[PDB]
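Novice: One structure is given below, represented as structure tokens, and several questions about it will come after.
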Amino acid sequence: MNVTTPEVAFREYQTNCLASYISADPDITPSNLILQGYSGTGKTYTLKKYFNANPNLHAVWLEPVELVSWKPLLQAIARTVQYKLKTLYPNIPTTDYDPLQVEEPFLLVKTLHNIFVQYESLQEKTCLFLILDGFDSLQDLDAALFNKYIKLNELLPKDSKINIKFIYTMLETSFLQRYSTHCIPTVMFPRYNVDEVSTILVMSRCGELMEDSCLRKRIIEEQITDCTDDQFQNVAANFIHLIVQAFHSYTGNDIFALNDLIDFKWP
Amino acid sequence: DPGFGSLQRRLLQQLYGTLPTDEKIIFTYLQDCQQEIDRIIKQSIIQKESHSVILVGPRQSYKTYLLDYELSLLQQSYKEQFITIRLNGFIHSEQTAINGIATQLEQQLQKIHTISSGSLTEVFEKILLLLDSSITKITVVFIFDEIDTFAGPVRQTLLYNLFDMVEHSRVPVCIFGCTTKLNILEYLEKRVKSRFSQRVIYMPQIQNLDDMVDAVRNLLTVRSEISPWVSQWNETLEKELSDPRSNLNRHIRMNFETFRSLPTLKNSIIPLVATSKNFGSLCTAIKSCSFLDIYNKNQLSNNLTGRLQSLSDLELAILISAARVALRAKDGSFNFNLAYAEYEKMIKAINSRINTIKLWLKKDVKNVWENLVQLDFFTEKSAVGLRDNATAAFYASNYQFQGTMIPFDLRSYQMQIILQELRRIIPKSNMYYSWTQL
Amino acid sequence: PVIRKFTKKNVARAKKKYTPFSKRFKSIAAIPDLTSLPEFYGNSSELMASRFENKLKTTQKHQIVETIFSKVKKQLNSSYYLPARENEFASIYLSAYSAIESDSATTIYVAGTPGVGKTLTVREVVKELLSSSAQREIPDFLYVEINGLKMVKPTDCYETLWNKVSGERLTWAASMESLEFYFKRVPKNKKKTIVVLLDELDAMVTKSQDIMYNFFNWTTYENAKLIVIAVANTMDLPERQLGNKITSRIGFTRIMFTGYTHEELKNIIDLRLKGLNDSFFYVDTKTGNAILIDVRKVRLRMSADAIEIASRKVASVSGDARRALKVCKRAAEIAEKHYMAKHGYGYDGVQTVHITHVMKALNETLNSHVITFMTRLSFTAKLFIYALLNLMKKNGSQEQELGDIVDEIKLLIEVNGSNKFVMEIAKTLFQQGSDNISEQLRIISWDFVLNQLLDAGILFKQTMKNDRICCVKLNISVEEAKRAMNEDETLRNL
Amino acid sequence: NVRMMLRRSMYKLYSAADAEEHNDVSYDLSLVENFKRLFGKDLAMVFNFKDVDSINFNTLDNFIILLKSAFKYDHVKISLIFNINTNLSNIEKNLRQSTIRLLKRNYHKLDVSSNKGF
Ligand SMILES: Nc1ncnc2c1ncn2[C@@H]1O[C@H](COP(=O)(O)OP(=O)(O)OP(O)(O)=S)[C@@H](O)[C@H]1O
Ligand SMILES: Nc1ncnc2c1ncn2[C@@H]1O[C@H](COP(=O)(O)OP(=O)(O)OP(O)(O)=S)[C@@H](O)[C@H]1O
Ligand SMILES: Nc1ncnc2c1ncn2[C@@H]1O[C@H](COP(=O)(O)OP(=O)(O)OP(O)(O)=S)[C@@H](O)[C@H]1O
Ligand SMILES: [Mg+2]
Ligand SMILES: [Mg+2]
Ligand SMILES: [Mg+2]
């Protein structure tokens, strides 16, 4: 298209589909998109790395885990959309609508209809991506809430200049199979291998294990000053390969359990 | 070249349906349905009759697609003749659909040329005596998505009054209800069925394999000369559909036998086209269709086989051990204590007949036990996971369940994948394969 | 200010007063003559109700074609003298003529199954005795429509009745004290008789039954001049809600409207066709526009046996006049679209509505579509039903465990491995066609077709998060599920 | 449940920050990110769980995981205080294992009793 695909390490299929659905042109972008994977499978990593490599298409990052109910989730959508567009188009005169005034799924649609009509002087069709990052992690979740966000595109005006686009992130694949007949595109993030966890964990943590003071302090204080960075990197890399090969059978293909057993056992 | 970059962009926006509304693709198997919808809208907008009708078909059956097509084609000829109201049974309630009509009434009437302000008993009596009551009238067209939630068992006030405008109002009121339920007339009350005009039209279904071939032929043929590659694309795609043993016509046949839905194949073709760098790779990728095997592998890569293949050796051994306790039990139930007892007598019987395999302790399998819970291999015993609506999810959050309060190793669990299924997926070369059978 | 624990930022409160009518004249002798008073009885409200006709007006009109069958569908509408309710007209009119002429108060209760002409003929009663009152043989009265399903709240009938009586906007707890002081305390010389129609009285009394008592108790008063025509559906709604001693104290009349016979449906349908049946139109052959008395003199007769079988079938089921006027309206547009397709007029010797147009209009509302839906599903969706029907004849338990269905689908492809269709599909149903995808536990599109049958209403599934022990019913029948699966060629042989 | 722990915690900090200040806010964990953008000073919130042997540990586990999402805001620090009346060994059998690995980056056991050392 007219988009840039970043090089994420073990997600090269997932990034090509992520560049396939997300674009600046609103006619060739789906209004719903699910990125399903389990925990630690690198789906907020490559979602973030895709938008950083593409700065001219716009994103609103929401976390539905720190919003707990459905009603703060609607209010944060109304707050962060109009706060995004004020930084994004300062030359447009606008009147701020109170985001705490939405108390209904329809009052979101009426508020988004009022926000979007005053940016009607824009030059071309523009899509703003509303990233609900962890929609399944909402605590009060029920079956009838995700099909309430699928259908917001049909209630908002079709010839607006700002076309909101929903990108969902979810975990558990029994939540996803309830909405299989909606036929909305989904990119799956499967669990990593043992060789994929080790390569990711060694490029993520060898930087911090040098700037850690404990390895830093000891080598000058033990009076063995015969080392280089290439030994410094290889002594921390071989610890990570050794902390995985001992505790892979305990943790599994996690990233966050390996990251805790490193820093508990690196000092 | 920019010709290929313009050959992708039309061919991909034909796959989303965002062509302008004289070039929009109408498949031949739903022409007799869209002509029936076409007749209803333009003898209610042109000829000012007031009849109502319910559209019914499955999800992704072009109900909203054909209504958005018919209004957009009447948009360009008769713009001044009608306002359009659309509600939706998901985001609207019995209380909120009253505010949704009055808000859309007053903002559609500004574009051709207050109602929405006040109490809810005020805002409902103002939209009644607006609607219930050579110059001609404005026809008001209503669109309902999921009319079956408005047809609940309790009161059905909003469907009563709108069907009462079809019969008695002097304003021409067209009402579409898009539902999925086949027995939609049995949700309606005796008064509400009596007002309704009994016309319930059923969305057509794909009957033949050649219906999906012709409908993919209509989706992937470019009918104008935009790129230098248009004729070269069109003669390639007609060779790929005329050959019955082609790979593209093989992936259409699998869709016809399993899903039989063209929007599911539509999501497969979209990154086959968008992830093609040049025309040499875009012409190759529809001949081979090697992406659609990679696509179908992804969609189904962590369902339940792809999670079982992503387990370590202790995680697999505890999953087998809990699957043997669940097979001996009469209720299919087990604890952490029962599944570690079967685990430790398994590692003994491996090391006795045989270098050695580590037996992990009671405190260390606890982390493995909790990961199999959160990967949906174990469920809580008689568990109700997600509730239907918002009030049942609220009632459950105020109740304090028993399995929360009993200790960790005493919770009864049940089993997502049984042992007879667990023998068939694990390969015959695993050391744990002999323990997938009693 | 203070820090609020929650916010209500969408409160819209009505400008309705709180003090009732019993506290604004200080004396019964200081109440003026309410009939010769400007804001009572709707003497100024005729300006705002006619405001909204101008909102739906537009000036464009380009020669819409009015064909032969468009005139028949205009005349079979329910909004367009009534033959088959004559003894019921003469019962409601006699009971209301006597109470208005004697300055009395009464209640008339009328019930029946939906669509039998009772909202129509009560409005025809009060239109006859408006014309009798306008000739001054009974005194003047005021007429109030109250519809229970045209209210948001059930308590809005108190607000709307007192607004029509007095022109005052009060809350409901202030409106019922205003009405109760109005009917028992205000003298009969100062008031006007009021004929209120409590339409669809079922809907007002569902929660607290405090509303049916008040309207009926107000009619027992001596000073009250109130006639409550209470139209509902069932006949025992007074005695169930109020009780036996209350409904004997009120002493209201009690009419039931039986649904119409088939001969009464014929004298409704053919009564609305006296100006058009056996009549001549002027149809030009280039636009299609008909004009009642380049152009042929065509005429229009509708077949009498077509109205016969439309009356025999509708009256045998429910007996309502709506379903018979819209089975003849539906037949009139089936005949139009074939007239519109033969000559191709579009939109801008003799025509008839046959027996086959009325049967086609009548068959489509009586057929079910769960047969036609399930014969045209996937092989996967039909394999789900065919495995569910085998389980309901191994057990007859009629709600099957969903893991028993999965093992049956696998066993049914297991056993029939010699079959020509099953050898070529089992590769495309466990690995989904090619290699590099492993052999799997569920068939391809198992989550799609299980959700497709739950969305369609064919299939009921209980709420369990264990996807294997969950139970699954049908919702249609075991017979019409087997009828749809013995039609499909590949499943009935295996 | 978990939303009642948060709506009381976000009410108790918004009420106690207007008391020291001398518009309305949705009471959720988006008040923690807007705290410097609305009050000008950074935050240090302290949680004091009173009868943690009487609370259920499904809710307290899901609330510590909820508070874990406030470590991306660069101007807040949370401090938990557990009034464990009985035992630490009873608590670590109740919480999930990935929560104990979060509670162990810095913890401090303080024996608090009238009966200690007599
Ligand atoms: N392919 C990758 N290359 C490099 N680092 C990665 C990769 N995948 C994951 N990581 C890192 O490993 C950690 C995984 O965290 P996330 O990507 O946020 O996990 P997640 O997919 O969002 O799962 P949840 O639902 O948020 S727990 C982060 O620190 C990432 O930076
Ligand atoms: N206005 C539109 N213009 C173009 N394509 C559309 C439009 N609306 C829907 N589609 C597409 O049409 C296909 C299916 O049509 P739909 O109208 O969404 O089916 P459906 O009956 O509405 O399903 P529901 O609404 O969930 S019951 C999908 O690929 C949609 O993306
Ligand atoms: N005897 C009749 N003669 C002529 N037209 C009739 C007759 N009965 C009914 N209709 C027509 O059919 C419509 C039905 O209205 P009604 O039957 O009075 O309503 P209804 O009895 O209140 O049914 P509900 O509201 O569900 S209880 C009327 O508006 C007329 O157009
Ligand atoms: Mg994440
Ligand atoms: Mg729709
Ligand atoms: Mg009626």
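The chains in the structure tokens are called A, B, ... from first to last as shown; in each chain the residues are counted from 1, and the ligands are counted from 1 in the order shown.
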Which residues of chain D sit at most 7 Å from chain A, using only C-alpha atoms? Give each one's shortest atom pair and distance in Å (one decimal place), in chain and ascending residue order, as a tab-separated table.
Specialist:
residue	atom	partner	partner_atom	distance
D:3	CA	A:68	CA	6.0
D:26	CA	A:72	CA	6.8
D:28	CA	A:67	CA	6.0
D:29	CA	A:66	CA	5.4
D:66	CA	A:66	CA	6.3
D:69	CA	A:66	CA	6.8
D:101	CA	A:260	CA	6.8
Novice: List every residue of segment 175-399 of chain C that DSSP, applied to the backbone, labels as helix (DSSP H, G or I), and write the result as a PDB file with C-alpha atoms, in the first residue's frame.
Specialist:
ATOM      1  CA  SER C 175     -52.972  14.682  39.247  1.00  0.00           C
ATOM      2  CA  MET C 176     -54.847  11.867  40.954  1.00  0.00           C
ATOM      3  CA  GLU C 177     -55.625  14.081  43.938  1.00  0.00           C
ATOM      4  CA  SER C 178     -56.713  16.729  41.458  1.00  0.00           C
ATOM      5  CA  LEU C 179     -59.011  14.248  39.719  1.00  0.00           C
ATOM      6  CA  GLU C 180     -60.366  12.743  42.948  1.00  0.00           C
ATOM      7  CA  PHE C 181     -61.262  16.189  44.279  1.00  0.00           C
ATOM      8  CA  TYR C 182     -62.732  16.934  40.840  1.00  0.00           C
ATOM      9  CA  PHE C 183     -65.133  14.020  40.725  1.00  0.00           C
ATOM     10  CA  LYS C 184     -66.511  13.749  44.271  1.00  0.00           C
ATOM     11  CA  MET C 212     -57.695   0.229  37.523  1.00  0.00           C
ATOM     12  CA  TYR C 213     -59.281   0.760  40.926  1.00  0.00           C
ATOM     13  CA  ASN C 214     -59.185   4.563  40.773  1.00  0.00           C
ATOM     14  CA  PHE C 215     -60.881   4.971  37.382  1.00  0.00           C
ATOM     15  CA  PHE C 216     -63.643   2.554  38.336  1.00  0.00           C
ATOM     16  CA  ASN C 217     -64.154   3.949  41.854  1.00  0.00           C
ATOM     17  CA  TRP C 218     -64.478   7.476  40.431  1.00  0.00           C
ATOM     18  CA  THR C 219     -67.548   6.323  38.491  1.00  0.00           C
ATOM     19  CA  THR C 220     -69.396   5.253  41.646  1.00  0.00           C
ATOM     20  CA  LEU C 237     -59.065  -8.803  34.284  1.00  0.00           C
ATOM     21  CA  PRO C 238     -61.379  -6.902  36.720  1.00  0.00           C
ATOM     22  CA  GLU C 239     -62.022  -9.900  38.970  1.00  0.00           C
ATOM     23  CA  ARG C 240     -58.397 -11.076  39.127  1.00  0.00           C
ATOM     24  CA  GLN C 241     -56.817  -7.695  39.870  1.00  0.00           C
ATOM     25  CA  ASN C 244     -64.856 -10.141  43.984  1.00  0.00           C
ATOM     26  CA  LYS C 245     -66.304  -7.599  46.430  1.00  0.00           C
ATOM     27  CA  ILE C 246     -64.862  -4.587  44.594  1.00  0.00           C
ATOM     28  CA  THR C 247     -66.084  -5.609  41.124  1.00  0.00           C
ATOM     29  CA  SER C 248     -69.565  -6.207  42.569  1.00  0.00           C
ATOM     30  CA  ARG C 249     -69.604  -2.762  44.201  1.00  0.00           C
ATOM     31  CA  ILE C 250     -68.837  -0.889  40.973  1.00  0.00           C
ATOM     32  CA  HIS C 262     -65.887 -16.189   7.836  1.00  0.00           C
ATOM     33  CA  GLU C 263     -69.117 -14.692   6.484  1.00  0.00           C
ATOM     34  CA  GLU C 264     -68.442 -11.533   8.487  1.00  0.00           C
ATOM     35  CA  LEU C 265     -64.935 -11.266   6.997  1.00  0.00           C
ATOM     36  CA  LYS C 266     -66.495 -11.335   3.518  1.00  0.00           C
ATOM     37  CA  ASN C 267     -68.773  -8.415   4.407  1.00  0.00           C
ATOM     38  CA  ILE C 268     -65.729  -6.458   5.611  1.00  0.00           C
ATOM     39  CA  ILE C 269     -63.448  -7.090   2.625  1.00  0.00           C
ATOM     40  CA  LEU C 271     -67.537  -3.663   1.817  1.00  0.00           C
ATOM     41  CA  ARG C 272     -64.204  -1.886   1.306  1.00  0.00           C
ATOM     42  CA  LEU C 273     -64.340  -2.724  -2.415  1.00  0.00           C
ATOM     43  CA  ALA C 304     -65.335 -13.923  -4.995  1.00  0.00           C
ATOM     44  CA  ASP C 305     -63.938 -17.366  -4.153  1.00  0.00           C
ATOM     45  CA  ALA C 306     -60.570 -15.692  -3.574  1.00  0.00           C
ATOM     46  CA  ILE C 307     -62.177 -13.607  -0.819  1.00  0.00           C
ATOM     47  CA  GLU C 308     -63.916 -16.807   0.351  1.00  0.00           C
ATOM     48  CA  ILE C 309     -60.744 -18.807   1.022  1.00  0.00           C
ATOM     49  CA  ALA C 310     -59.070 -15.725   2.509  1.00  0.00           C
ATOM     50  CA  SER C 311     -62.005 -15.547   4.914  1.00  0.00           C
ATOM     51  CA  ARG C 312     -62.254 -19.285   5.658  1.00  0.00           C
ATOM     52  CA  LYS C 313     -58.567 -19.523   6.582  1.00  0.00           C
ATOM     53  CA  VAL C 314     -58.166 -16.343   8.653  1.00  0.00           C
ATOM     54  CA  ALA C 315     -61.396 -16.715  10.654  1.00  0.00           C
ATOM     55  CA  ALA C 321     -60.163  -8.204  10.574  1.00  0.00           C
ATOM     56  CA  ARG C 322     -56.566  -6.979  10.267  1.00  0.00           C
ATOM     57  CA  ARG C 323     -55.123 -10.315   9.081  1.00  0.00           C
ATOM     58  CA  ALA C 324     -57.829 -10.571   6.401  1.00  0.00           C
ATOM     59  CA  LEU C 325     -57.410  -7.032   5.096  1.00  0.00           C
ATOM     60  CA  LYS C 326     -53.647  -7.553   4.805  1.00  0.00           C
ATOM     61  CA  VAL C 327     -53.932 -10.977   3.216  1.00  0.00           C
ATOM     62  CA  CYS C 328     -56.000  -9.258   0.509  1.00  0.00           C
ATOM     63  CA  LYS C 329     -53.619  -6.300   0.463  1.00  0.00           C
ATOM     64  CA  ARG C 330     -50.731  -8.765   0.114  1.00  0.00           C
ATOM     65  CA  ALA C 331     -52.572 -10.536  -2.707  1.00  0.00           C
ATOM     66  CA  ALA C 332     -53.200  -7.195  -4.405  1.00  0.00           C
ATOM     67  CA  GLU C 333     -49.471  -6.412  -4.563  1.00  0.00           C
ATOM     68  CA  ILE C 334     -48.527  -9.900  -5.744  1.00  0.00           C
ATOM     69  CA  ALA C 335     -50.891  -9.214  -8.641  1.00  0.00           C
ATOM     70  CA  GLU C 336     -49.381  -5.745  -9.087  1.00  0.00           C
ATOM     71  CA  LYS C 337     -45.750  -6.842  -9.453  1.00  0.00           C
ATOM     72  CA  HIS C 338     -46.679  -9.269 -12.227  1.00  0.00           C
ATOM     73  CA  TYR C 339     -48.649  -6.488 -13.910  1.00  0.00           C
ATOM     74  CA  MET C 340     -45.626  -4.254 -13.301  1.00  0.00           C
ATOM     75  CA  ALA C 341     -43.216  -6.821 -14.774  1.00  0.00           C
ATOM     76  CA  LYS C 342     -45.224  -7.720 -17.895  1.00  0.00           C
ATOM     77  CA  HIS C 343     -45.607  -4.157 -19.138  1.00  0.00           C
ATOM     78  CA  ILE C 355     -57.315 -17.634  -6.527  1.00  0.00           C
ATOM     79  CA  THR C 356     -53.580 -18.299  -6.963  1.00  0.00           C
ATOM     80  CA  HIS C 357     -52.605 -14.777  -5.876  1.00  0.00           C
ATOM     81  CA  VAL C 358     -54.550 -15.065  -2.621  1.00  0.00           C
ATOM     82  CA  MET C 359     -53.226 -18.570  -1.917  1.00  0.00           C
ATOM     83  CA  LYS C 360     -49.673 -17.328  -2.525  1.00  0.00           C
ATOM     84  CA  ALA C 361     -50.289 -14.401  -0.160  1.00  0.00           C
ATOM     85  CA  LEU C 362     -51.731 -16.772   2.448  1.00  0.00           C
ATOM     86  CA  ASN C 363     -49.230 -19.626   2.196  1.00  0.00           C
ATOM     87  CA  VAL C 370     -36.899 -23.946   9.323  1.00  0.00           C
ATOM     88  CA  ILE C 371     -37.258 -26.691   6.704  1.00  0.00           C
ATOM     89  CA  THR C 372     -35.955 -24.536   3.853  1.00  0.00           C
ATOM     90  CA  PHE C 373     -33.221 -23.039   6.052  1.00  0.00           C
ATOM     91  CA  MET C 374     -31.729 -26.369   7.135  1.00  0.00           C
ATOM     92  CA  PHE C 379     -22.228 -30.020   5.101  1.00  0.00           C
ATOM     93  CA  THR C 380     -20.691 -29.126   8.470  1.00  0.00           C
ATOM     94  CA  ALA C 381     -23.909 -27.569   9.798  1.00  0.00           C
ATOM     95  CA  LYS C 382     -25.987 -30.488   8.523  1.00  0.00           C
ATOM     96  CA  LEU C 383     -23.478 -32.927  10.043  1.00  0.00           C
ATOM     97  CA  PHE C 384     -24.018 -31.203  13.390  1.00  0.00           C
ATOM     98  CA  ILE C 385     -27.781 -31.759  13.249  1.00  0.00           C
ATOM     99  CA  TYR C 386     -27.415 -35.313  11.919  1.00  0.00           C
ATOM    100  CA  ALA C 387     -25.124 -36.198  14.819  1.00  0.00           C
ATOM    101  CA  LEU C 388     -27.553 -34.573  17.256  1.00  0.00           C
ATOM    102  CA  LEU C 389     -30.483 -36.577  15.877  1.00  0.00           C
ATOM    103  CA  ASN C 390     -28.589 -39.864  16.260  1.00  0.00           C
ATOM    104  CA  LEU C 391     -27.980 -39.028  19.923  1.00  0.00           C
ATOM    105  CA  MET C 392     -31.675 -38.314  20.515  1.00  0.00           C
ATOM    106  CA  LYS C 393     -32.549 -41.819  19.328  1.00  0.00           C
ATOM    107  CA  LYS C 394     -29.783 -43.569  21.257  1.00  0.00           C
TER     108      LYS C 394
END
Novice: Give as a PyMOL selection string the residues surrounding ligand 2 up to a distance of 8 Å, considering only C-alpha atoms and all ligand atoms.
Specialist: (chain A and resi 30+151+154+181-184) or (chain B and resi 15-19+57-69+145-146+178-180+263+266)
Novice: Any chance you can output those residues with N, CA and C atoms as a compact mmCIF listing (two decimals), in the first residue's frame?
Specialist:
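Saved as part_15.txt:
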# COMPACT_ATOMS: atom_id res chain seq x y z
N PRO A 30 -10.83 -2.33 7.67
CA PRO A 30 -12.02 -2.84 8.35
C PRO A 30 -12.32 -2.02 9.59
N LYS A 151 -20.97 -2.87 16.37
CA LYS A 151 -21.99 -2.18 15.60
C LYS A 151 -22.00 -0.68 15.80
N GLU A 154 -22.02 1.50 12.35
CA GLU A 154 -23.23 1.67 11.57
C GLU A 154 -24.12 2.78 12.11
N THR A 181 -19.43 -15.78 13.96
CA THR A 181 -20.29 -15.54 12.81
C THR A 181 -20.32 -14.08 12.39
N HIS A 182 -19.66 -13.18 13.11
CA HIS A 182 -19.55 -11.80 12.66
C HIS A 182 -18.53 -11.63 11.56
N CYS A 183 -17.65 -12.62 11.35
CA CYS A 183 -16.69 -12.68 10.23
C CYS A 183 -15.80 -11.45 10.14
N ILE A 184 -15.42 -10.91 11.30
CA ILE A 184 -14.56 -9.74 11.36
C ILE A 184 -13.12 -10.22 11.50
N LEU B 15 -13.22 -5.62 -2.34
CA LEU B 15 -13.32 -6.60 -1.27
C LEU B 15 -13.85 -6.01 0.03
N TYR B 16 -13.97 -4.69 0.14
CA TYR B 16 -14.66 -4.09 1.27
C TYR B 16 -16.02 -3.52 0.90
N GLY B 17 -16.32 -3.39 -0.39
CA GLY B 17 -17.58 -2.84 -0.82
C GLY B 17 -17.66 -1.34 -0.79
N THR B 18 -16.53 -0.64 -0.72
CA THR B 18 -16.51 0.81 -0.68
C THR B 18 -16.37 1.44 -2.06
N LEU B 19 -16.84 0.75 -3.10
CA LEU B 19 -17.02 1.38 -4.39
C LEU B 19 -18.16 2.39 -4.32
N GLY B 57 -32.12 -13.32 8.27
CA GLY B 57 -31.12 -14.20 7.73
C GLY B 57 -30.05 -14.38 8.77
N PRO B 58 -29.00 -15.11 8.46
CA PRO B 58 -27.90 -15.27 9.43
C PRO B 58 -27.05 -14.02 9.58
N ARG B 59 -26.05 -14.08 10.46
CA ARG B 59 -25.06 -13.03 10.53
C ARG B 59 -24.23 -13.02 9.26
N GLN B 60 -23.86 -11.81 8.81
CA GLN B 60 -23.09 -11.57 7.59
C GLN B 60 -23.81 -12.12 6.36
N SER B 61 -25.11 -11.84 6.29
CA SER B 61 -25.96 -12.26 5.19
C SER B 61 -26.47 -11.08 4.37
N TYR B 62 -25.74 -9.96 4.40
CA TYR B 62 -25.98 -8.77 3.57
C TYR B 62 -27.33 -8.12 3.85
N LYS B 63 -27.77 -8.14 5.11
CA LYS B 63 -28.99 -7.43 5.46
C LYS B 63 -28.75 -5.93 5.53
N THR B 64 -27.75 -5.51 6.30
CA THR B 64 -27.39 -4.11 6.38
C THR B 64 -26.72 -3.64 5.09
N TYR B 65 -26.08 -4.56 4.36
CA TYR B 65 -25.46 -4.21 3.09
C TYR B 65 -26.50 -3.83 2.05
N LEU B 66 -27.59 -4.61 1.95
CA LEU B 66 -28.61 -4.30 0.96
C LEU B 66 -29.45 -3.10 1.36
N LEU B 67 -29.63 -2.86 2.66
CA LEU B 67 -30.37 -1.66 3.05
C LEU B 67 -29.54 -0.41 2.84
N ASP B 68 -28.24 -0.47 3.12
CA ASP B 68 -27.38 0.67 2.82
C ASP B 68 -27.21 0.86 1.32
N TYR B 69 -27.37 -0.20 0.53
CA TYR B 69 -27.30 -0.05 -0.92
C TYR B 69 -28.57 0.59 -1.46
N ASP B 145 -31.77 -2.96 13.54
CA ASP B 145 -30.85 -4.08 13.62
C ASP B 145 -31.10 -4.76 14.97
N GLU B 146 -31.34 -6.07 14.94
CA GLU B 146 -31.79 -6.85 16.10
C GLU B 146 -33.09 -6.29 16.69
N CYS B 178 -34.12 -5.98 11.04
CA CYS B 178 -33.15 -7.00 10.69
C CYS B 178 -32.94 -7.88 11.91
N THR B 179 -33.46 -9.10 11.86
CA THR B 179 -33.27 -10.07 12.91
C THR B 179 -32.56 -11.30 12.35
N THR B 180 -32.18 -12.20 13.24
CA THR B 180 -31.55 -13.46 12.87
C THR B 180 -32.46 -14.65 13.11
N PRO B 263 -18.26 -13.72 3.19
CA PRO B 263 -17.38 -12.87 4.01
C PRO B 263 -16.24 -13.58 4.72
N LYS B 266 -13.73 -13.72 2.08
CA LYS B 266 -13.37 -12.34 1.78
C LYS B 266 -12.25 -11.85 2.70
Novice: Check the smallest atom-to-atom distance from each of D:43, D:32, D:55, D:19 to residue 94 of chain D using only C-alpha atoms, then report the winner.
Specialist: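 Nearest candidate to residue 94 of chain D out of D:43, D:32, D:55, D:19: D:55.
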Novice: Between C:234, C:27, C:193, C:285, single out the one closest to ligand 3, counting only C-alpha atoms and all ligand atoms.
Specialist: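 Closest to ligand 3, using only C-alpha atoms and all ligand atoms: C:234.
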Novice: Write out as a PyMOL selection string which residues come within 12 Å of segment 357-369 of chain B when counting only C-alpha atoms, dropping same-chain ones fewer than 6 positions away.
Specialist: (chain A and resi 246-254+257) or (chain B and resi 311-319+321-322+335-341+343-351+375-379+408-409+411+413+431-432) or (chain D and resi 89+92-101)
Novice: Could you make a table, as a Markdown table, of the residues of chain B that have an atom within 12 Å of an atom of ligand 6, each with its nearest atom pair and distance in Å to one decimal, counting only C-alpha atoms and all ligand atoms, in chain and number order?
Specialist:
| residue | atom | partner | partner_atom_place_in_ligand_line | distance |
| --- | --- | --- | --- | --- |
| B:160 | CA | ligand 6 | 1 (Mg) | 10.9 |
| B:161 | CA | ligand 6 | 1 (Mg) | 11.4 |
| B:164 | CA | ligand 6 | 1 (Mg) | 9.3 |
| B:167 | CA | ligand 6 | 1 (Mg) | 11.0 |
| B:168 | CA | ligand 6 | 1 (Mg) | 10.5 |
| B:190 | CA | ligand 6 | 1 (Mg) | 11.8 |
| B:191 | CA | ligand 6 | 1 (Mg) | 8.5 |
| B:192 | CA | ligand 6 | 1 (Mg) | 10.9 |
| B:194 | CA | ligand 6 | 1 (Mg) | 10.0 |
| B:195 | CA | ligand 6 | 1 (Mg) | 9.5 |
Novice: Taking 6 positions as the minimum chain separation for residues in the same chain, which residues sit within 8 Å of residue 64 of chain A when counting only C-alpha atoms? Answer as a VMD selection string.
Specialist: chain A and resid 73 132 to 135 137 to 138
Novice: Counting only C-alpha atoms, which residues from chain B have an atom at most 7 Å from any atom of chain D, and could you show them as a list in words?
Specialist: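 Therefore, the residues near the partner are residues 367, 397, 398, 404, 405, 407 and 408 of chain B.
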Novice: If the limit is 10 Å from any atom of ligand 4, counting only C-alpha atoms and all ligand atoms, which residues qualify? Return them as a PyMOL selection string.
Specialist: chain A and resi 37-45+47-48+63+133-134+169-171
Novice: Can you pull out every residue with an atom within 6 Å of ligand 3? Use only C-alpha atoms and all ligand atoms and format it as a list in words.
Specialist: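 Using only C-alpha atoms and all ligand atoms, I find these residues within 6 Å of ligand 3: residues 191 of chain B; 78, 79, 82, 83, 84, 85, 114, 115, 116, 117, 118, 119, 120, 233, 268, 321 and 322 of chain C.
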Novice: Between atom CA of residue 190 of chain A and atom 20 (P, counted along the ligand's line) of ligand 1, what is the spacing in Å?
Specialist: 11.0 Å
Novice: Given a cut-off of 12 Å, which residues of chain D touch chain C, counting only C-alpha atoms, written out as a PyMOL selection string?
Specialist: chain D and resi 7-19+22-27
